[PDB]
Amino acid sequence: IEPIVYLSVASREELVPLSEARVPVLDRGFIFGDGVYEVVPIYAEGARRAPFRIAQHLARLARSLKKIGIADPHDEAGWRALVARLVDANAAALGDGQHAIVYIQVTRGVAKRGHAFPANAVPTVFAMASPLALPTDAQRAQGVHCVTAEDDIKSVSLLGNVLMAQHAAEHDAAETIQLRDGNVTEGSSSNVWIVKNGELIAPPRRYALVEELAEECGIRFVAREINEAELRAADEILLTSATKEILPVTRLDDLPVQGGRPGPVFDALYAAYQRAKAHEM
């Protein structure tokens, strides 16, 4: 019934029901958005559950922590055990055959409000395991609609992304593709790619699953600025994230992308994605 979550505040840890998990009001994640997050997908085959790419996800988490000066509270083994206990404790909540997504957040901790790093704060850690519903077959068959709007760490200072996500909802679209000074940046909660003349293109920059899949398929990858015209004239437009896997974008601001049908680089990357998941299960 109720989700069970993990919370560590002032070095005290507990797995508790969601309705009992609360953090002190002076936690810097709440006061300042001063924290980082990472996600790990957990794919289910009956009662067999297996994290996908947990090493690479945890390595990006350690990097985000260091980039903002926050003491990493666990080594890799400690993080994996924290994830395994959390997933175990939600076995009933989730149920057999149910994929999950694990969300991990670490903030600089609790102290008197002052912008600079406090001398003696201990990091807060929050994690939870939620049901994951992947995009449907129909969605992959039809593709998704994106809109555009004016726009290197996974921080929780996310107001910008919240606003662009709301913008996409208000426009009946799956995602807002952002443009800064005429060039593509990213989605509100996804990475954006285009295909042109058989070449996979992303904006200029490691966690790099999509590049690894492109390398596997023998698809050439270039990292360069993608301007608004090149976006609108793409052969294909793609979204990627832990929860979306890869989705084809077939409408962009009410105009069709190319023929308005998912293309072959999408197909190739999607199949290579699923083989990497089979490999791990």
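In case it trips you up, residue 1 is the first one in the sequence shown, and so on.
Undergrad: Going by the PDB record, how many residues of the deposited sequence fall between residue 205 and residue 206 without any coordinates: none, 1 to 3, 4 to 9, or 10 or more?
TA: Count of unmodelled residues in between: 4 to 9.
Undergrad: Can you tell me how many deposited residues have no coordinates between residue 76 and residue 77? The categories are none, 1 to 3, 4 to 9, and 10 or more.
TA: The entry leaves nothing out here.
Undergrad: If you average the Cα B factors in the entry, which is higher, 25 to 33 or 38 to 46?
TA: Per the deposited B-factors, the answer is 38 to 46.
Undergrad: Looking at the deposited entry, does 123 to 131 or 93 to 101 carry the larger mean Cα B-factor?
TA: Looking at the recorded C-alpha B-factors, 93 to 101 comes out higher on average.
Undergrad: For the CA B factor values reported in this entry, which option in 179, 141, 83, 147 has the top one?
TA: Checking the PDB record, the top C-alpha B-factor among 179, 141, 83, 147 is at 141.
Undergrad: Would you mind finding, among 161, 155, 136, 185, the residue with the largest C-alpha temperature factor in the entry?
TA: Spelled out: the listed residue with the top C-alpha B-factor is 136.
Undergrad: C-alpha B factor of residue 71, ranked within the chain: lowest, middle or highest third?
TA: Tercile = highest for this residue's CA B-factor.
Undergrad: Rank-wise, by C-alpha B-factor, drop residue 198 into the lowest, middle or highest third of its chain.
TA: Highest third - that is where residue 198 ends up once the chain's C-alpha B-factors are sorted.
Undergrad: So where's residue 220 on the chain's Cα temperature factor ranking, which third?
TA: CA B-factor rank for residue 220: highest third.
Undergrad: Taking the C-alpha B-factors as the PDB entry records them, is residue 209 in the lowest, middle or highest third of its chain?
TA: It falls in the top third of the chain.
Undergrad: If you rank the chain by CA B-factor, which third does residue 255 end up in: lowest, middle or highest?
TA: CA B-factor rank for residue 255: highest third.
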